[PDB]
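Structure record follows, encoded as structure tokens.
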Amino acid sequence: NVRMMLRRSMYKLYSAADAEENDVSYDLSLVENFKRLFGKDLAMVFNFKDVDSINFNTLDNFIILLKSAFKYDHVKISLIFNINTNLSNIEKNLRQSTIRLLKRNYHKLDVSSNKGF
Amino acid sequence: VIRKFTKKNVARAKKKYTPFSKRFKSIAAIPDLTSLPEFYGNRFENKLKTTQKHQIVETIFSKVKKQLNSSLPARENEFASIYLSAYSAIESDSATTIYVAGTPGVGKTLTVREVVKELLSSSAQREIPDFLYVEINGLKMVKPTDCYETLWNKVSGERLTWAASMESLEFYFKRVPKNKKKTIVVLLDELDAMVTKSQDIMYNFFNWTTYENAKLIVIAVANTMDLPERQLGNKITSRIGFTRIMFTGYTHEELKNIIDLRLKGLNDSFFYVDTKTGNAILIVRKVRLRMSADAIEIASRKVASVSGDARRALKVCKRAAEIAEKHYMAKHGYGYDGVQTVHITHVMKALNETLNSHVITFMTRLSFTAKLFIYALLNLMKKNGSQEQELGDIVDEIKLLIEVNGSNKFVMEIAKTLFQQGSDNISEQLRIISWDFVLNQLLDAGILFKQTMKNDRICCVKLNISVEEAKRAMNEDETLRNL
Amino acid sequence: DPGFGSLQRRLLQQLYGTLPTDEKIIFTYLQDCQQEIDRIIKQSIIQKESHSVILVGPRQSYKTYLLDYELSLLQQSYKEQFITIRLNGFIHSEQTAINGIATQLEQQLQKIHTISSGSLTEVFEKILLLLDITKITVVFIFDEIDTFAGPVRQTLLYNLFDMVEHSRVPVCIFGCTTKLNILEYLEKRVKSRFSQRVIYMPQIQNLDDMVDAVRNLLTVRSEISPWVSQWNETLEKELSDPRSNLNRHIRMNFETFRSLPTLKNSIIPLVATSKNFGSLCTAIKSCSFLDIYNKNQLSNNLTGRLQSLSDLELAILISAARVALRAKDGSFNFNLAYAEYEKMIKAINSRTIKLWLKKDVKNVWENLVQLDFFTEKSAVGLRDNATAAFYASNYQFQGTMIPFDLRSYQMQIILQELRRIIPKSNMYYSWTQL
Amino acid sequence: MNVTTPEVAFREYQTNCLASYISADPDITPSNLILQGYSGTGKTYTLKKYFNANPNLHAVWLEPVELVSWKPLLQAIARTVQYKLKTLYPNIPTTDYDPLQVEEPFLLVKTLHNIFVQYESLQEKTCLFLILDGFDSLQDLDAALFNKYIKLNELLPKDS
Amino acid sequence: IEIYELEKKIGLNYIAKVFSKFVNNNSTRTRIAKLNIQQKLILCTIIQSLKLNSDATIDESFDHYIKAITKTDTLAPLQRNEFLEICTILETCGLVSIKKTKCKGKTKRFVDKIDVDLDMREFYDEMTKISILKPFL
Ligand SMILES: Nc1ncnc2c1ncn2[C@@H]1O[C@H](COP(=O)(O)OP(=O)(O)OP(=O)(O)O)[C@@H](O)[C@H]1O
Ligand SMILES: Nc1ncnc2c1ncn2[C@@H]1O[C@H](COP(=O)(O)OP(=O)(O)OP(=O)(O)O)[C@@H](O)[C@H]1O
Ligand SMILES: Nc1ncnc2c1ncn2[C@@H]1O[C@H](COP(=O)(O)OP(=O)(O)OP(=O)(O)O)[C@@H](O)[C@H]1O
Ligand SMILES: [Mg+2]
Ligand SMILES: [Mg+2]
Ligand SMILES: [Mg+2]
């Protein structure tokens, strides 16, 4: 579900930020308070492993939830989707507003086992 | 270190973990526990005290109400049986279980406490050896294993956790010789509340009574006589035994004697009442207080018909005295700071408000929209007999009842209010005005049941109250019974 | 004008009920109830008698209001005689009620002149030690008491009613509930220890009770403003005329809602948006702001949401509704609704509307789902409690694993309602018929 | 009522209602106020316009969609209320409380009581507006959650 | 031994006195003979409602009682709370058990259900011996 997605992501965020250089709540406010608690700007890269096996309703809600971090001025978010079927399959499994959000800055990178032989 | 979650409100007691079997090196190393300053029972009361700045006016009925509070004329055979079993098992230094069952308020706890008081008086006269009395109420425990924490704390004075307490009690009851012991009488009140899934607590408490060195009296007070047959195993039923003591609900003559015993010194007695304030003094006007024998008799007969519960009879008499005292204080204007009788009228009014139903008069005082909802619901139960009706069918049938009786005066004045709230700038609405409000109001009242569904049309609704009292409330209304 | 400001502020204070205690407004139909409550408090705080009583009435029927008024009245004259413990059945659980009682006991006893220290077993043992020249009366107010009269085990109610019965500490317990048959919720021993004192809260029975309550709400009885007498004259002229707009709105509330808080929530911005005294008198004579308020309260319902739809959204909704009406179970999906939609576009164009492609109708379909026009078939929706919601959050439903064009939906508004509220001039009106 | 009504286009009625309900005086302010509208109806925009046009009002802004569950929402209420009261009155010595101690609604009542009792030296009574922008956008929502929040004001002290 | 010393060698009779004191001796006929004619009528309507509905709440049992004794038009009807009161009398006598269970409908909620623990032959014999108010059997 989305709650476990956010909790695991925030535990990973706090663990990495503590490992580089007081407990916190593992929700998006840690993203809000990251500059106060660590003194640095934040760049999160989300790597969604095996996207063609995930529940697309959960993934859509998690992306819409991650959209709320855009107003915090010190956070930038990158998303990586590992697609194994086709882009058009994951297009029809997501909401059209989510597609319009993803369309603002996206690139395709094709690396199969024999891309160009 | 970085935690995955936190437990920041942990409150842990100062309870040790080592059981009593490791307290001395051998069985022979155990001293005489009676000659120990912590065994067998060898601060908050003043915080609820203050200084009184006024003088409370106690009226003439206040002594009647005080004497009718819950704080042994009808229990002779039960008292004698419990006392004889406990006396025989204490004086011969044996362990036994006594089983007592009954409905609420039939004098179970009072009789057992009186038996224990008389046994303590006999042990103070050196006719039976000394014993320690422990009262464990299963409804006063937070956790059911806390009885293990309670009993051992009453025996040794230590504070252990529950498993160590259970091992300590097992070692104590089984291995400690009788010359180093004191007898323990344990009252297990609300015995059904200590029943758990594994039934280990029940087995341990009734199995310690089968040990030869235990010197333990377990008096188990229950609510049903068939509790070991219904809820317990064969092993615990064998240990509890065949002899069980039933506390029957009181007949009306014994309730009559109970109420007369609470009012032996007050009834047909004279008081000096001060007409300036209302304060009455038991032996300025000389007023005789009286409560009718017919009133007490009819209250006792009613209560013995219902339950035979002495709490109910005392409460009915106290309520009648309260009603009479309210009328007396209203007619004299006394405040709080020749014959006063509490009559059979006050007793009947006390007996009637417990038997009156507010559901019909609640439904007759609702708005027209809620009554229209209930009327359409009853119409749908008459049409198809399903007893569960979808809310969309109720919407359609309300709309049908509005457009069919359109020539009615009240309906043709109500239609604009129902569908536009009396406003030309408001569009015609698919639900009536206050549809959600009366739906939620009938759900909070408990008149209605609604299934947990997200589609508002196919969501079903059921009457939770009886259908004929809803029909009576609908026929009470002028508009609905004419259409 | 500072005089109109003082009058407006006092009117808002009377509407919110935040007057001082001796100026507090008690409606006439609430009087004989509240005196009854006034007896029980005065028998517990003053005369040290123990009482148990349950107040039974609907939401916003002045249970907390009358109880708070009684406690405020007793606090002005007898403030060292009693302490107050407040429990709410939504907020307190069976574990946290014990900690709530102990924490409130210590912060009230230190206010008059630890119990809550340790584990919950020790806390409950200390509460039973304390509770099981004069005595301080402990007053319990137990809102939503039906939640603690559960079918499983009513431990707290047992111990509290035993404190009423057998303890020497004077305890007053006031329960509050909306459940009419609250006495059937109680366990046999709990009901035996309860006094069966149930006070059913009074209901509005006729129109002049509501008119008198409005008159008590809006009459200013103190000299706070130069405008007080003229406002009182204007208000009495409005309420005495049976053909006035105020009496019409009060009558409409009496026959639909029968709720004075519902009327107060509309009257408050009528007073607050007035800029001077003449505007306030005009607003109370016309009551046109009440019509604007009533229109706004209905603006987001099914009727008002329909009028915000575009023509393509309305066409897709109409097509889905007639497919659902033709279905035996009322179920439909995106494919059947699109097929019905293209049949209506070519049937209209044969007699020119852009025919939108299936890849563009997906956005319209998602908007219609989000606007609560379609619901997923046999969906439970919002769960009643957090435990069922947590159970539902760990399960993947079959609707969320199939492609979106095969998901089964049901209508929140049927085709007959659509024919009822779509205007005749609309060019998709003829397809609301079958 | 002494407050400013900003000019918000096509939302004049809503802004007049916000001026009717939201004021600095706690006696003529409701304990609960609901703004209801679908997505993009300008609810957040006009609440922003109203509170920026009235900077003397003390508003705390929370997003329940960033908190997902009830327990982080309770902890966020305690954390943001305590931080806002710290920056509002810096000359008031306060004992700091840990927001992670709030694990129950009752614990939120106790923590808010303990935070509010160290501010009784203030002269006037003061509203603290806690704005839950998107209450029903919380991902773990159930029907019983909102009842606790609307009955929360009855457990806080009345003369605070 | 306890029975012997509560009255004063132990005879044959005292074993039978024990086996009469500590067995309940249900005796449905003598329970029924202590009832009133009205209480017998409510008991008959209750067991008929359990016969034809097989999971009946107190409200549906009261509903059936109202319609069944308005079909007869004798012994003019009483209200729901006093119906529950005679049900409590019947539970005190030892014929009726009221429990708190869940419904099996679409609206699954808790509700009070009514049940019996009496033999049908003694019931039918003892209210055919009444021989006036027949059609509730
Ligand atoms: N024989 C009696 N004489 C006088 N008062 C009595 C008698 N029996 C009961 N009472 C009164 O009724 C109260 C209830 O009795 P008791 O506590 O023994 O009931 P119980 O059978 O243990 O009930 P429950 O199962 O509800 O605990 C007593 O405290 C006392 O006030
Ligand atoms: N302490 C108080 N001071 C002023 N007004 C109050 C107070 N308590 C309640 N009110 C008002 O009294 C009216 C009646 O609501 P009240 O809270 O008394 O209902 P209630 O019967 O307790 O409801 P519920 O069953 O939902 O708890 C409302 O308009 C409310 O705002
Ligand atoms: N009345 C208005 N005047 C000017 N701009 C407006 C107005 N209403 C909305 N907007 C613009 O539209 C944007 C979206 O509105 P807003 O964020 O307030 O919607 P919302 O109803 O709160 O949405 P959501 O529920 O999705 O959060 C605003 O940021 C603003 O740029
Ligand atoms: Mg007892
Ligand atoms: Mg209330
Ligand atoms: Mg917004």
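By order of appearance in the structure tokens: chains A, B, ..., then residues from 1 within every chain, and ligands from 1 in the order shown.
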Can you pull out every residue with an atom within 12 Å of ligand 4? Use only C-alpha atoms and all ligand atoms and format it as a ChimeraX atom specification.
/B:100-113,135-140,187-191,220-223,247,309-311 /C:158-159,162,165-166,188-190,192-193
Throw together the list of residues within 12 Å of ligand 6, counting only C-alpha atoms and all ligand atoms, and drop it here as a PyMOL selection string.
(chain A and resi 68) or (chain D and resi 35-48+61-65+131-137)
Residues just named, written with N, CA and C atoms as a PDB file, in the first residue's frame:
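The resulting file, again_20.pdb, is reproduced below:
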ATOM      1  N   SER A  68       3.310  16.358  -3.686  1.00  0.00           N
ATOM      2  CA  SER A  68       3.176  17.389  -2.660  1.00  0.00           C
ATOM      3  C   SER A  68       4.515  17.946  -2.184  1.00  0.00           C
TER       4      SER A  68
ATOM      5  N   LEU D  35     -14.671  23.624   5.034  1.00  0.00           N
ATOM      6  CA  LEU D  35     -14.715  24.085   3.652  1.00  0.00           C
ATOM      7  C   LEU D  35     -14.855  22.853   2.772  1.00  0.00           C
ATOM      8  N   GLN D  36     -15.895  22.802   1.951  1.00  0.00           N
ATOM      9  CA  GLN D  36     -16.111  21.619   1.130  1.00  0.00           C
ATOM     10  C   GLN D  36     -16.205  22.012  -0.333  1.00  0.00           C
ATOM     11  N   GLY D  37     -15.394  21.370  -1.157  1.00  0.00           N
ATOM     12  CA  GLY D  37     -15.439  21.577  -2.589  1.00  0.00           C
ATOM     13  C   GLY D  37     -14.569  20.552  -3.272  1.00  0.00           C
ATOM     14  N   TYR D  38     -14.843  20.342  -4.550  1.00  0.00           N
ATOM     15  CA  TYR D  38     -14.066  19.370  -5.300  1.00  0.00           C
ATOM     16  C   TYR D  38     -12.752  20.002  -5.754  1.00  0.00           C
ATOM     17  N   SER D  39     -11.989  19.254  -6.545  1.00  0.00           N
ATOM     18  CA  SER D  39     -10.613  19.631  -6.848  1.00  0.00           C
ATOM     19  C   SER D  39     -10.561  20.865  -7.742  1.00  0.00           C
ATOM     20  N   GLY D  40      -9.717  21.820  -7.365  1.00  0.00           N
ATOM     21  CA  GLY D  40      -9.545  23.023  -8.150  1.00  0.00           C
ATOM     22  C   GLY D  40     -10.655  24.038  -8.023  1.00  0.00           C
ATOM     23  N   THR D  41     -11.381  24.035  -6.910  1.00  0.00           N
ATOM     24  CA  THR D  41     -12.465  24.981  -6.698  1.00  0.00           C
ATOM     25  C   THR D  41     -12.028  26.210  -5.913  1.00  0.00           C
ATOM     26  N   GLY D  42     -10.729  26.364  -5.671  1.00  0.00           N
ATOM     27  CA  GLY D  42     -10.212  27.586  -5.092  1.00  0.00           C
ATOM     28  C   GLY D  42     -10.415  27.771  -3.606  1.00  0.00           C
ATOM     29  N   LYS D  43     -10.389  26.667  -2.886  1.00  0.00           N
ATOM     30  CA  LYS D  43     -10.593  26.588  -1.427  1.00  0.00           C
ATOM     31  C   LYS D  43      -9.323  27.014  -0.726  1.00  0.00           C
ATOM     32  N   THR D  44      -8.215  26.425  -1.086  1.00  0.00           N
ATOM     33  CA  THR D  44      -6.875  26.742  -0.595  1.00  0.00           C
ATOM     34  C   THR D  44      -6.473  28.160  -0.982  1.00  0.00           C
ATOM     35  N   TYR D  45      -6.801  28.565  -2.215  1.00  0.00           N
ATOM     36  CA  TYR D  45      -6.472  29.902  -2.706  1.00  0.00           C
ATOM     37  C   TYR D  45      -7.173  30.990  -1.899  1.00  0.00           C
ATOM     38  N   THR D  46      -8.470  30.824  -1.629  1.00  0.00           N
ATOM     39  CA  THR D  46      -9.166  31.888  -0.913  1.00  0.00           C
ATOM     40  C   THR D  46      -8.894  31.839   0.588  1.00  0.00           C
ATOM     41  N   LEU D  47      -8.551  30.668   1.144  1.00  0.00           N
ATOM     42  CA  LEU D  47      -8.119  30.624   2.537  1.00  0.00           C
ATOM     43  C   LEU D  47      -6.756  31.288   2.697  1.00  0.00           C
ATOM     44  N   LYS D  48      -5.876  31.102   1.705  1.00  0.00           N
ATOM     45  CA  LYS D  48      -4.606  31.820   1.652  1.00  0.00           C
ATOM     46  C   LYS D  48      -4.819  33.321   1.552  1.00  0.00           C
ATOM     47  N   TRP D  61      -0.756  25.443   9.278  1.00  0.00           N
ATOM     48  CA  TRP D  61      -1.146  24.766   8.047  1.00  0.00           C
ATOM     49  C   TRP D  61      -0.623  23.337   8.063  1.00  0.00           C
ATOM     50  N   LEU D  62      -1.528  22.375   7.913  1.00  0.00           N
ATOM     51  CA  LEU D  62      -1.176  20.966   7.847  1.00  0.00           C
ATOM     52  C   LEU D  62      -1.746  20.339   6.585  1.00  0.00           C
ATOM     53  N   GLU D  63      -1.017  19.365   6.051  1.00  0.00           N
ATOM     54  CA  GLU D  63      -1.435  18.597   4.878  1.00  0.00           C
ATOM     55  C   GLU D  63      -1.586  17.137   5.278  1.00  0.00           C
ATOM     56  N   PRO D  64      -2.813  16.649   5.487  1.00  0.00           N
ATOM     57  CA  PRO D  64      -2.993  15.232   5.851  1.00  0.00           C
ATOM     58  C   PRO D  64      -2.598  14.245   4.764  1.00  0.00           C
ATOM     59  N   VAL D  65      -2.490  14.677   3.505  1.00  0.00           N
ATOM     60  CA  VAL D  65      -2.087  13.761   2.445  1.00  0.00           C
ATOM     61  C   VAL D  65      -0.600  13.420   2.540  1.00  0.00           C
ATOM     62  N   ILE D 131      -5.327  24.316  10.552  1.00  0.00           N
ATOM     63  CA  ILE D 131      -5.977  24.094   9.269  1.00  0.00           C
ATOM     64  C   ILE D 131      -5.562  22.729   8.743  1.00  0.00           C
ATOM     65  N   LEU D 132      -6.533  21.828   8.597  1.00  0.00           N
ATOM     66  CA  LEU D 132      -6.285  20.500   8.045  1.00  0.00           C
ATOM     67  C   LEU D 132      -6.757  20.507   6.593  1.00  0.00           C
ATOM     68  N   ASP D 133      -5.876  20.983   5.716  1.00  0.00           N
ATOM     69  CA  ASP D 133      -6.189  21.178   4.302  1.00  0.00           C
ATOM     70  C   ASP D 133      -6.128  19.833   3.586  1.00  0.00           C
ATOM     71  N   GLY D 134      -7.293  19.231   3.363  1.00  0.00           N
ATOM     72  CA  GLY D 134      -7.374  17.914   2.765  1.00  0.00           C
ATOM     73  C   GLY D 134      -7.522  16.797   3.776  1.00  0.00           C
ATOM     74  N   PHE D 135      -8.516  16.917   4.667  1.00  0.00           N
ATOM     75  CA  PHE D 135      -8.728  15.909   5.706  1.00  0.00           C
ATOM     76  C   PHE D 135      -9.124  14.564   5.112  1.00  0.00           C
ATOM     77  N   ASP D 136     -10.003  14.566   4.115  1.00  0.00           N
ATOM     78  CA  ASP D 136     -10.476  13.324   3.526  1.00  0.00           C
ATOM     79  C   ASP D 136      -9.543  12.783   2.448  1.00  0.00           C
ATOM     80  N   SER D 137      -8.431  13.464   2.187  1.00  0.00           N
ATOM     81  CA  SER D 137      -7.374  12.957   1.326  1.00  0.00           C
ATOM     82  C   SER D 137      -6.385  12.076   2.078  1.00  0.00           C
TER      83      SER D 137
END
If you count only C-alpha atoms and all ligand atoms, which residues end up within 10 Å of ligand 5, as an MDAnalysis selection string?
(chainID C and resid 57:68 88 141:144 176:178) or (chainID D and resid 151 154)
Contacts of region 102-113 of chain A within 12 Å, only C-alpha atoms, excl. fewer than 2 positions in-chain, as a ChimeraX atom specification:
/A:60,63-64,66-67,77-87,90-91,94-100,115-117
Please identify all polymer residues within 6 Å of residue 330 (chain C), counting only C-alpha atoms, omitting same-chain residues fewer than 3 positions from it, and present them as a PDB file with N, CA and C atoms, in the first residue's frame.
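Here's the written file out.pdb:
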ATOM      1  N   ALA C 324     -26.816   1.161 -17.919  1.00  0.00           N
ATOM      2  CA  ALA C 324     -27.107   0.615 -16.595  1.00  0.00           C
ATOM      3  C   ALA C 324     -28.589   0.308 -16.420  1.00  0.00           C
ATOM      4  N   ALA C 327     -29.255  -2.901 -18.117  1.00  0.00           N
ATOM      5  CA  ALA C 327     -28.649  -4.050 -17.457  1.00  0.00           C
ATOM      6  C   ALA C 327     -29.560  -4.602 -16.366  1.00  0.00           C
ATOM      7  N   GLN C 410     -21.527   1.144 -11.138  1.00  0.00           N
ATOM      8  CA  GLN C 410     -22.945   1.381 -10.936  1.00  0.00           C
ATOM      9  C   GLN C 410     -23.169   2.878 -10.787  1.00  0.00           C
TER      10      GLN C 410
END
Contact residues (chain E, partner chain C, 9 Å, only C-alpha atoms) as a list in words
residues 100, 101, 110 and 112 of chain E
Tell me, as a PyMOL selection string, which residues lie within 6 Å of residue 391 (chain B), counting only C-alpha atoms; anything in the same chain fewer than 2 positions away does not count.
chain B and resi 393-394+457+459-460
Could you list the residues in chain C lying within 7 Å of chain B, using only C-alpha atoms, and format the result as a PyMOL selection string?
chain C and resi 47+58+118-119+121+130+133-136+155+165-166+178-180+189+192+195-196+203+205+252+254-258+291+295+303+375+379-381+412+417
Put those residues in a file: C-alpha atoms, as a CSV table (one decimal), in the first residue's frame.
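Result file follows (again13.csv):
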chain,number,residue,atom,x,y,z
C,47,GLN,CA,-25.7,16.9,49.8
C,58,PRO,CA,-30.0,13.2,19.6
C,118,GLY,CA,3.3,3.2,36.8
C,119,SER,CA,1.9,0.4,34.7
C,121,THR,CA,-2.4,-2.5,36.4
C,130,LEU,CA,-8.8,6.1,46.0
C,133,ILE,CA,-15.2,18.7,57.2
C,134,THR,CA,-16.8,16.8,54.3
C,135,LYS,CA,-15.9,14.7,51.3
C,136,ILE,CA,-15.1,16.0,47.8
C,155,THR,CA,-15.4,-3.5,32.9
C,165,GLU,CA,-23.3,1.9,44.8
C,166,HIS,CA,-20.9,0.7,47.4
C,178,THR,CA,-27.9,9.0,21.3
C,179,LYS,CA,-29.1,5.4,21.7
C,180,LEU,CA,-32.7,5.2,22.6
C,189,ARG,CA,-24.6,-7.0,36.6
C,192,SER,CA,-28.2,-4.2,38.3
C,195,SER,CA,-29.9,3.0,39.0
C,196,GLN,CA,-32.0,3.0,35.7
C,203,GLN,CA,-37.8,17.7,21.7
C,205,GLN,CA,-43.0,19.9,19.8
C,252,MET,CA,-39.4,25.6,7.0
C,254,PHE,CA,-39.5,23.2,11.8
C,255,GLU,CA,-40.9,21.0,9.1
C,256,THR,CA,-37.6,19.9,7.6
C,257,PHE,CA,-34.7,20.0,10.1
C,258,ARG,CA,-36.4,20.9,13.5
C,291,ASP,CA,-31.9,32.0,0.6
C,295,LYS,CA,-28.5,27.7,-2.2
C,303,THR,CA,-28.1,18.2,-8.7
C,375,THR,CA,-19.1,3.7,-8.0
C,379,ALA,CA,-17.5,-1.6,-3.2
C,380,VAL,CA,-17.7,-1.1,0.5
C,381,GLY,CA,-16.2,2.3,0.5
C,412,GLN,CA,-25.2,7.1,-8.3
C,417,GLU,CA,-33.4,11.5,-12.3
Write out, as JSON lines, each residue of chain A that has an atom at most 7 Å from chain C, together with the closest pair of atoms and their distance in Å to one decimal, counting only C-alpha atoms, rows going by chain and rising number.
{"residue": "A:1", "atom": "CA", "partner": "C:393", "partner_atom": "CA", "distance": 6.6}
{"residue": "A:55", "atom": "CA", "partner": "C:401", "partner_atom": "CA", "distance": 6.9}
{"residue": "A:57", "atom": "CA", "partner": "C:400", "partner_atom": "CA", "distance": 6.3}
{"residue": "A:93", "atom": "CA", "partner": "C:403", "partner_atom": "CA", "distance": 6.6}
{"residue": "A:96", "atom": "CA", "partner": "C:363", "partner_atom": "CA", "distance": 5.8}
Selection file, N, CA and C atoms, as a compact mmCIF listing (two decimals), in the first residue's frame:
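Below is the file part_11.txt, written as the result:
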# COMPACT_ATOMS: atom_id res chain seq x y z
N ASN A 1 0.86 -1.17 0.00
CA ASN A 1 0.00 0.00 0.00
C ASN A 1 0.90 1.23 0.00
N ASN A 55 1.13 -3.03 -8.17
CA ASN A 55 -0.23 -2.55 -8.26
C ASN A 55 -0.22 -1.09 -8.72
N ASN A 57 -2.61 1.12 -9.05
CA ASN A 57 -3.37 2.05 -8.22
C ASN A 57 -2.52 2.57 -7.06
N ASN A 93 -2.75 1.93 -17.52
CA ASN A 93 -2.95 1.52 -16.14
C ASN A 93 -2.83 2.67 -15.16
N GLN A 96 -5.05 9.76 -16.17
CA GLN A 96 -4.62 10.68 -17.21
C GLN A 96 -3.94 11.92 -16.63
Show me a table, sorted first by chain and then by increasing residue number, of the residues of chain B having an atom at most 9 Å from chain A, each with its shortest atom pair and the distance in Å to one decimal, counting only C-alpha atoms and written as a Markdown table.
| residue | atom | partner | partner_atom | distance |
| --- | --- | --- | --- | --- |
| B:2 | CA | A:15 | CA | 6.8 |
| B:3 | CA | A:23 | CA | 7.3 |
| B:4 | CA | A:11 | CA | 7.2 |
| B:5 | CA | A:25 | CA | 8.5 |
| B:6 | CA | A:23 | CA | 8.1 |
Convert the current residue selection to file output with N, CA and C atoms, as a PDB file, in the first residue's frame.
ATOM      1  N   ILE B   2      19.288   4.306  14.696  1.00  0.00           N
ATOM      2  CA  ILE B   2      18.064   4.823  14.091  1.00  0.00           C
ATOM      3  C   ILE B   2      16.989   3.751  14.180  1.00  0.00           C
ATOM      4  N   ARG B   3      15.906   4.061  14.881  1.00  0.00           N
ATOM      5  CA  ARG B   3      14.865   3.087  15.167  1.00  0.00           C
ATOM      6  C   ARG B   3      13.840   3.041  14.043  1.00  0.00           C
ATOM      7  N   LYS B   4      13.218   1.879  13.891  1.00  0.00           N
ATOM      8  CA  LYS B   4      12.168   1.701  12.902  1.00  0.00           C
ATOM      9  C   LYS B   4      10.807   2.131  13.429  1.00  0.00           C
ATOM     10  N   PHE B   5      10.598   2.030  14.739  1.00  0.00           N
ATOM     11  CA  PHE B   5       9.509   2.706  15.428  1.00  0.00           C
ATOM     12  C   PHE B   5       9.943   2.914  16.872  1.00  0.00           C
ATOM     13  N   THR B   6       9.170   3.709  17.604  1.00  0.00           N
ATOM     14  CA  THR B   6       9.494   4.037  18.984  1.00  0.00           C
ATOM     15  C   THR B   6       8.320   3.700  19.892  1.00  0.00           C
TER      16      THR B   6
END
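Atom pair CA of residue 210 (chain B) / CA of residue 197 (chain B): separated by 22.6 Å.
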DSSP on the backbone: what in region 19-89 of chain C comes out helix (DSSP H, G or I), as a PyMOL selection string?
chain C and resi 21-23+28-46+63-75
Write out as number ranges by chain which residues come within 7 Å of region 218-228 of chain C when counting only C-alpha atoms, dropping same-chain ones fewer than 5 positions away.
C: 3-4, 6-7, 11
Can you list every residue in region 40-112 of chain D that DSSP puts in strand (DSSP E), as number ranges by chain?
D: 59-62
Using C-alpha atoms, can you write the selected residues to a file as a PDB file, in the first residue's frame?
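Once everything was written out, this is selection07.pdb:
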ATOM      1  CA  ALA D  59      -2.851  29.934  11.441  1.00  0.00           C
ATOM      2  CA  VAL D  60      -1.091  26.571  11.401  1.00  0.00           C
ATOM      3  CA  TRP D  61      -1.146  24.766   8.047  1.00  0.00           C
ATOM      4  CA  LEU D  62      -1.176  20.966   7.847  1.00  0.00           C
TER       5      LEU D  62
END
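Using only C-alpha atoms, the chain A residues found within 7 Å of chain D amount to residues 3, 25, 27, 28, 29 and 65 of chain A.
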Can you pull out the residues contacting residue 64 (chain E)? Cut-off 9 Å, using only C-alpha atoms, and skip same-chain residues under 6 positions away; I want them as number ranges by chain.
E: 45-46, 48-49
Store the residues picked out above, limited to N, CA, C and O atoms, as a PDB file, in the first residue's frame.
ATOM      1  N   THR E  45     -46.499 -17.501  21.966  1.00  0.00           N
ATOM      2  CA  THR E  45     -46.174 -16.692  20.790  1.00  0.00           C
ATOM      3  C   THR E  45     -44.673 -16.659  20.523  1.00  0.00           C
ATOM      4  O   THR E  45     -44.252 -16.653  19.359  1.00  0.00           O
ATOM      5  N   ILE E  46     -43.855 -16.661  21.583  1.00  0.00           N
ATOM      6  CA  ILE E  46     -42.402 -16.665  21.417  1.00  0.00           C
ATOM      7  C   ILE E  46     -41.943 -17.958  20.756  1.00  0.00           C
ATOM      8  O   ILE E  46     -41.179 -17.932  19.783  1.00  0.00           O
ATOM      9  N   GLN E  48     -43.717 -20.030  18.969  1.00  0.00           N
ATOM     10  CA  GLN E  48     -44.214 -20.067  17.594  1.00  0.00           C
ATOM     11  C   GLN E  48     -43.360 -19.203  16.662  1.00  0.00           C
ATOM     12  O   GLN E  48     -43.089 -19.591  15.513  1.00  0.00           O
ATOM     13  N   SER E  49     -42.910 -18.038  17.152  1.00  0.00           N
ATOM     14  CA  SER E  49     -42.021 -17.179  16.372  1.00  0.00           C
ATOM     15  C   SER E  49     -40.674 -17.842  16.120  1.00  0.00           C
ATOM     16  O   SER E  49     -40.107 -17.711  15.028  1.00  0.00           O
TER      17      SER E  49
END
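Put simply, CA of residue 94 (chain D) is 13.1 Å away from CA of residue 122 (chain D).
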For chain C, list the residues within 10 Å of chain D, counting only C-alpha atoms, and write the list as JSON, numbers by chain.
{"C": [5, 6, 8, 9, 10, 11, 12, 13, 14, 15, 16, 17, 18, 19, 64, 85, 86, 87, 88, 89, 90, 91, 92, 93, 96, 97, 99, 100, 103, 104, 143, 265, 268, 269, 270, 271, 272, 273, 274, 292, 293, 296, 297, 299, 300, 305, 370, 371, 381, 382, 383, 384, 385, 386, 387, 388, 389, 390, 392, 393]}
